[PDB]
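**Q** Before I ask anything, let me first share the structure, which is written out below as structure tokens.
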Number of protein chains: 2
Amino acid sequence: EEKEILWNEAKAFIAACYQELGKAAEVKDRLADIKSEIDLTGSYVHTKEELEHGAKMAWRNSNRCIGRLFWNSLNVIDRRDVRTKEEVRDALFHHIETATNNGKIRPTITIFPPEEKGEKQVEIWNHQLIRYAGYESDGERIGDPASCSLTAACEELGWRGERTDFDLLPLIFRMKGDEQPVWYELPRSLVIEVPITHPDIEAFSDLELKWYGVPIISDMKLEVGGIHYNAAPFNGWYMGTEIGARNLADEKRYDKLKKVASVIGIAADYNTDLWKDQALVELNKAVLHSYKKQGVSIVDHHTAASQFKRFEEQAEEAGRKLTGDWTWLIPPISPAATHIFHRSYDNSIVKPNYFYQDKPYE
Amino acid sequence: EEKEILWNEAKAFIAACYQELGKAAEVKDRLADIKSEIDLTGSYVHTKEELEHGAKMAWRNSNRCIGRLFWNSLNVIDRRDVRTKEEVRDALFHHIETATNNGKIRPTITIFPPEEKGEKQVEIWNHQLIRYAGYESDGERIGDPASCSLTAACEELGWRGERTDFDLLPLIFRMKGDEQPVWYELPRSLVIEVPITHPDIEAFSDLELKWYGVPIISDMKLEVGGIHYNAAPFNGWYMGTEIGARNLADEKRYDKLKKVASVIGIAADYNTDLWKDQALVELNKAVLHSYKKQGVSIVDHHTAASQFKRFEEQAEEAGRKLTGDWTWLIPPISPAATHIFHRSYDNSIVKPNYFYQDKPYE
Ligand code: HEM
Ligand code: HEM
Ligand SMILES: N=C(Nc1cccc(CNC[C@@H]2CCCN2)c1)c1cccs1
Ligand SMILES: N=C(Nc1cccc(CNC[C@@H]2CCCN2)c1)c1cccs1
Ligand SMILES: C[C@H](O)[C@H](O)[C@H]1CNc2nc(N)[nH]c(=O)c2N1
Ligand SMILES: C[C@H](O)[C@H](O)[C@H]1CNc2nc(N)[nH]c(=O)c2N1
Ligand SMILES: [Cl-]
Ligand SMILES: [Cl-]
């Protein structure tokens, strides 16, 4: 059954990929080589062209992603050659460096060896390559609550956080054959952070907020033609709302809205004053202003929605079905001010794609 | 088939209704009377108790409604006795009066004779009993674009609007047997309107915005136990966002955000300034402030979401399945600041319920 799943997924991928790449005539012969390879080895190896286009198609098929207009310009780094943890570490360090690009973020994916018999070659524990630790002791809350379980796991492995609200987690990953993951502290010279200030309200800096420049998702599985790339960290730039309306705003995250209300000088007493709404707008303005001021790429939700409209138009013109998840595409502030809110999307799963996978801790 | 649909829907309704009303022992005998009545007449007549509880259950089952906490206190007016257009008109006038209640809005439904053989006894053309006209001539846009087709229809029937941005449409409805609907101008003494001012910004009144106090939906079908009440107008009070974030804000409605930005003294030049978001918050603050100032009932989206949470808890405690439409329940401003955004809802259709029906014009 599993070999059959592989062969069926391979046929569909190669046909579609080579079609898009104007290589339709080569499908028959390539499919033959693959079937022989599957027959003999139980798997098959992608060409660099297939891997690159596969990762791009996967982005193009991500229903929840508003940033998909730029799917074809993804920078793909092929690291299927890594065998040692030093090589994995250096590949992760390099990814941070080249993606960051001094603030002018390059959307990038680094692809590590794929699963073989469902057996992982490299198992990354981080949710993102750069993320803040979180602590909860006797209801003493410090840092990012979303990171509490990974933080506890790292502190089982000999690491110790300083317990500021913004401790950088180390990279943590496990190699096939090892029982325990290893961890490496991030070189600070690689990590761009942005202090949050407001363009008009000087007091906003009293909150001493900051965020990291580059979100690099390192816990999702890239699936291409039946091949499972469980370790394939990827990044874009942020849409402002992700930081201003969720990461810093959610009650189960940094929960900063009451403090925002205070520094911008409004009461946080009555629902009818819409103080949370007002606070949300000012915090989101601050985030965009701050990233811009520091020369770190970011997009606001209106511009991103405009871009996504172009993506919809591009798909229609190319004759491709458009898929999307309305519930994730709408931004968490002023969603009805975007076109997205006023239409519907087919939420069908199309592969290649990026998928959730079980966490190796917890 | 149709008689069978009726009987099956009746059995399920009576069993459930009498169950909730602690009248389970009376189900058998009542079901017998109904089946005989259906056999002989092709339909059946609800008791006043069934009709009242049916309209309440219907509200309780409205997946898109955030205001459902108060389902059991609906004021039901039984007008199955009307036979003349004067009686229909006076029943509609009375509904406006008693629901308005000098500003302290009473959630109310007036129920007219139901369809017989799918044949309507009374056919209401209005979307809401109180609504503003809309005009579009050579790209001269006046009033509410949502009302353009109904407005054109009324002007075919001898009515003429003054062509302000806030012309009150007349009541318009058709009696069984008549080819054309009749229309009656609304007595102004019955219609409460609210001028929109801002609590802090005096210039906001320069926009000369207003809205009507009581939204009374008059174009949806109430379905109870297989009986189709096509004419059953109902009202609650507004949630502020319906006016501030949609009716006055949508580009295809009153489209006021650029003018709001101007009067509150911010630039409307750059997406990154989040001027639309800021304008939305201030316009929504103005709407709540204005309704409160005039002593007209209204609810903000945070309070309404809190109430809906209680509705969820109430359902769980009573052992009832909860159904909802996530996409409609989330408010159009700061949705992620409500609990609704962070959970999911079963969007199954449960009857009794309120449904869309075809418009008799257009
Ligand atoms: C270039 C800038 C990009 C922007 C502004 C952007 C924007 C977003 C946003 C705002 C989300 C929702 C995240 C959340 O609410 O948690 C998202 C989801 C997603 N994006 Fe993108 N994105 C970008 C690039 C990329 C790239 C390069 C990839 C991968 C190649 C990608 C794949 C995804 C995936 C898989 C999700 C879903 C995550 C999940 O389900 O948890 N995006 N994107
Ligand atoms: C008491 C105050 C009430 C509030 C604040 C409230 C709030 C709302 C809101 C905000 C919507 C969404 C409307 C839209 O976006 O167009 C809605 C939908 C709805 N409400 Fe309520 N509601 C209330 C009472 C009622 C009552 C009394 C009924 C009927 C008995 C009702 C039945 C519905 C229905 C059927 C919808 C769906 C309309 C559609 O699909 O277009 N609600 N409610
Ligand atoms: N801008 C981005 N946002 C993004 C995309 C995918 C996933 C995530 C991470 N979402 C984390 C949240 C944390 C609460 C629930 N999931 C962020 C990108 C990250 C990586 C590439 S684009
Ligand atoms: N507060 C209310 N809002 C409400 C409820 C149902 C329907 C409507 C009308 N929605 C009209 C919009 C117009 C654009 C698409 N439909 C409003 C209530 C109206 C009647 C009872 S509650
Ligand atoms: C396309 C989408 O379903 C549509 O725009 C919906 C979204 N959610 C909504 N929610 C409410 N309350 N009211 C609406 O009119 C809409 N419009
Ligand atoms: C329950 C609901 O599906 C969940 O809260 C979703 C809603 N839409 C979202 N949309 C985005 N972009 N990100 C999220 O984390 C969520 N959360
Ligand atoms: Cl994030
Ligand atoms: Cl309305």
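Please note that chains go A, B, ... in the order of the structure tokens, that every chain numbers its residues from 1, and that ligands are numbered from 1 in the order shown.
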Which residues sit within 7 Å of ligand 7, counting only C-alpha atoms and all ligand atoms, listed as number ranges by chain?
**A** A: 215, 242-243, 247
**Q** Give me, as a tab-separated table, each residue of chain A that comes within 8 Å of ligand 1, together with its shortest interatomic pair and the distance in Å at one decimal, counting only C-alpha atoms and all ligand atoms, with rows ordered by chain and rising residue number.
**A**
```
residue	atom	partner	partner_atom_place_in_ligand_line	distance
A:55	CA	ligand 1	30 (C)	6.6
A:56	CA	ligand 1	30 (C)	6.6
A:58	CA	ligand 1	30 (C)	6.9
A:59	CA	ligand 1	30 (C)	4.5
A:62	CA	ligand 1	35 (C)	5.3
A:63	CA	ligand 1	37 (C)	7.3
A:64	CA	ligand 1	37 (C)	5.1
A:65	CA	ligand 1	43 (N)	3.9
A:66	CA	ligand 1	7 (C)	5.1
A:67	CA	ligand 1	6 (C)	4.0
A:68	CA	ligand 1	24 (C)	6.5
A:70	CA	ligand 1	1 (C)	6.6
A:71	CA	ligand 1	27 (C)	7.0
A:74	CA	ligand 1	27 (C)	6.3
A:106	CA	ligand 1	1 (C)	7.9
A:107	CA	ligand 1	27 (C)	4.9
A:108	CA	ligand 1	27 (C)	6.2
A:109	CA	ligand 1	30 (C)	6.4
A:220	CA	ligand 1	35 (C)	7.6
A:234	CA	ligand 1	29 (C)	5.5
A:235	CA	ligand 1	27 (C)	5.0
A:236	CA	ligand 1	1 (C)	3.8
A:237	CA	ligand 1	2 (C)	4.5
A:238	CA	ligand 1	5 (C)	4.9
A:239	CA	ligand 1	5 (C)	4.7
A:241	CA	ligand 1	10 (C)	7.5
A:242	CA	ligand 1	10 (C)	6.1
A:298	CA	ligand 1	5 (C)	7.2
A:299	CA	ligand 1	5 (C)	6.1
A:304	CA	ligand 1	5 (C)	6.7
A:328	CA	ligand 1	12 (C)	6.4
A:329	CA	ligand 1	12 (C)	7.1
A:331	CA	ligand 1	10 (C)	7.6
A:353	CA	ligand 1	35 (C)	7.5
A:354	CA	ligand 1	35 (C)	5.2
A:355	CA	ligand 1	35 (C)	7.0
A:356	CA	ligand 1	40 (O)	7.3
```
**Q** Tell me which protein, DNA and RNA residues are within 9 Å of residue 218 in chain A, counting only C-alpha atoms, leaving out same-chain ones fewer than 2 positions away, and put them as a PyMOL selection string.
**A** chain A and resi 124-129+216+220-221+231-235
**Q** Of the candidates A:282, A:179, A:312, A:136, which one gets nearest to chain B if we count only C-alpha atoms?
**A**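 Smallest distance to chain B is found for A:282.
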**Q** Step by step, measure atom-to-atom distances between ligand 6 and each residue using only C-alpha atoms and all ligand atoms, keep those at most 6 Å, then write them as number ranges by chain.
**A** A: 327-329; B: 341-344
**Q** Select, as a ChimeraX atom specification, those residues of chain A with any atom no more than 10 Å from chain B (distances computed using only C-alpha atoms).
**A** /A:199,240,245-246,249-251,257,270-282,284-289,292,298-304,326-327,331-338,341
**Q** Take the residues just selected and output them with C-alpha atoms as a compact mmCIF listing (two decimals), in the first residue's frame.
**A**
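The result, written out as out_26.txt:
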```
# COMPACT_ATOMS: atom_id res chain seq x y z
CA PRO A 199 5.52 57.31 15.32
CA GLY A 240 2.14 43.36 10.78
CA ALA A 245 -2.84 41.79 16.78
CA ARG A 246 -1.87 38.30 17.95
CA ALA A 249 -2.09 41.09 21.89
CA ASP A 250 -3.54 37.63 22.65
CA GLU A 251 -4.37 37.03 26.31
CA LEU A 257 -3.44 45.62 25.29
CA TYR A 270 -15.68 50.27 29.35
CA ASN A 271 -16.38 47.89 26.45
CA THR A 272 -18.37 50.66 24.73
CA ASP A 273 -15.24 52.85 24.56
CA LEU A 274 -13.73 50.27 22.19
CA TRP A 275 -10.42 50.71 24.01
CA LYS A 276 -9.20 47.27 22.92
CA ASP A 277 -9.91 48.15 19.30
CA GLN A 278 -8.15 51.50 19.61
CA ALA A 279 -5.21 49.92 21.44
CA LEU A 280 -4.99 47.26 18.71
CA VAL A 281 -4.80 49.86 15.96
CA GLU A 282 -2.08 51.88 17.71
CA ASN A 284 -0.27 47.65 14.94
CA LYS A 285 0.73 51.10 13.69
CA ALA A 286 3.73 50.96 16.02
CA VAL A 287 4.83 47.57 14.71
CA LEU A 288 4.75 48.67 11.05
CA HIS A 289 6.48 51.95 11.85
CA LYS A 292 10.11 50.21 8.50
CA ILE A 298 7.18 43.82 6.67
CA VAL A 299 3.80 44.12 4.97
CA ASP A 300 0.56 45.65 6.28
CA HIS A 301 -2.68 43.68 5.95
CA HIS A 302 -4.20 46.00 3.31
CA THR A 303 -1.21 45.74 0.98
CA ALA A 304 -0.99 41.98 1.59
CA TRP A 326 -11.25 32.02 4.43
CA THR A 327 -10.96 31.75 8.22
CA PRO A 331 -6.65 39.54 8.85
CA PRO A 332 -7.47 39.81 12.59
CA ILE A 333 -8.01 43.57 12.32
CA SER A 334 -10.47 45.32 9.98
CA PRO A 335 -11.07 42.12 7.99
CA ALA A 336 -14.19 43.53 6.29
CA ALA A 337 -12.02 46.30 4.83
CA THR A 338 -10.33 43.66 2.64
CA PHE A 341 -13.89 39.00 3.69
```
**Q** Give the answer as one residue: which of B:308, B:212, B:135, B:291 has the shortest atom-to-atom distance to ligand 8, using only C-alpha atoms and all ligand atoms?
**A**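 Smallest distance to ligand 8 is found for B:212.
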**Q** Report, in Å with one decimal, the straight-line distance from CA of residue 6 in chain A to CA of residue 116 in chain A.
**A** 11.7 Å
**Q** Excluding residue 192 in chain A and its own-chain neighbours fewer than 5 positions away, which residues fall within 12 Å of it when counting only C-alpha atoms? Please give them as a count of residues only.
**A** 25
**Q** From the list B:146, B:162, B:47, B:290, which residue is nearest ligand 5 when using only C-alpha atoms and all ligand atoms?
**A**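 Looking only at the distances to ligand 5, the closest residue turns out to be B:146.
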**Q** For the atom pair CA of residue 114 in chain A and CA of residue 159 in chain A, what is the interatomic distance in Å to one decimal place?
**A**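 One can read the CA of residue 114 in chain A to CA of residue 159 in chain A distance as 28.3 Å.
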**Q** Can you measure CA of residue 222 in chain B to atom 26 (C, counted along the ligand's line) of ligand 2 for me? One decimal in Å is fine.
**A**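 Going from CA of residue 222 in chain B over to atom 26 (C, counted along the ligand's line) of ligand 2, I get 11.7 Å.
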